[PDB]
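Only one chain is shown below, in structure tokens, and it's the form deposited in one PDB entry.
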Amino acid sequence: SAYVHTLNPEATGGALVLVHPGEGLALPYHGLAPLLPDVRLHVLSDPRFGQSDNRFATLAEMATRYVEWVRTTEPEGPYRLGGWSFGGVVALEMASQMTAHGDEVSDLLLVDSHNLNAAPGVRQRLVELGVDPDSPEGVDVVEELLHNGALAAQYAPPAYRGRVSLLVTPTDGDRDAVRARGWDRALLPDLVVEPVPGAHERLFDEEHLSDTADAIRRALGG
């Protein structure tokens, strides 16, 4: 569909599905493609983005719909899923569902994601992106953002035994980066924690993209 876009379509090194962050558009990930030229990148956008009505009721329901798309695009596994912040949380729930239905998910990439249901700026994020929150783009994005943040707050991530890479930016006061983001290592026995530099909101902007892509490449090459 119009919400699934595939980058590096002739790549033969494997595939990676990336779920949109809380703003709802997978466009930040497009700049990864030249930096991950051996990876088929399937980037997923929110199909309910423009719809004040007909939002997904739960993060689980969103994930279930995205799984469908993934299976249609890559009918055979093993699967590698991930996303930046909110998208990483959705990717986890996708991995949880796929593995419960017999699929192999060899990698799950949480790019500086947090678990708001455990450890809980809408307009200010756009201002920081250079968009007018009150422009036509602006209002839709803030609306999308607050809903996805509500989906995340109501969702608790389940125990998941597969391999999970959590890429973490610097943690205020250098405290434990896993608890600071609301995750419980008892639920993620095969968690691997990897550093990525810069600020949570800046990870895909022009300056940062090469370092963020480096951290993703390293996470996938276990």
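We call the rigid core the largest set of C-alpha positions that still match within 1.5 Å between the two forms. The first residue of the shown sequence is 1; numbering continues from there.
This protein has a second form, the form deposited in another entry, left out of what is shown; the following refers to that one.
Only 174, out of 68, 61, 190, 174, shows a C-alpha shift of 2 Å or more between the shown form and the other one on alignment of the rigid core. Fitting the two forms on the rigid core leaves the C-alpha of residue 129 displaced by at least 2 angstroms between the shown form and the other one. In the other entry, the Cα-Cα separation between residue 16 and residue 128 grows by 3 Å or more relative to the displayed conformation. The gap between the Cα atoms of residue 129 and residue 42 is larger in the other entry, by no less than 3 Å, than in this form.
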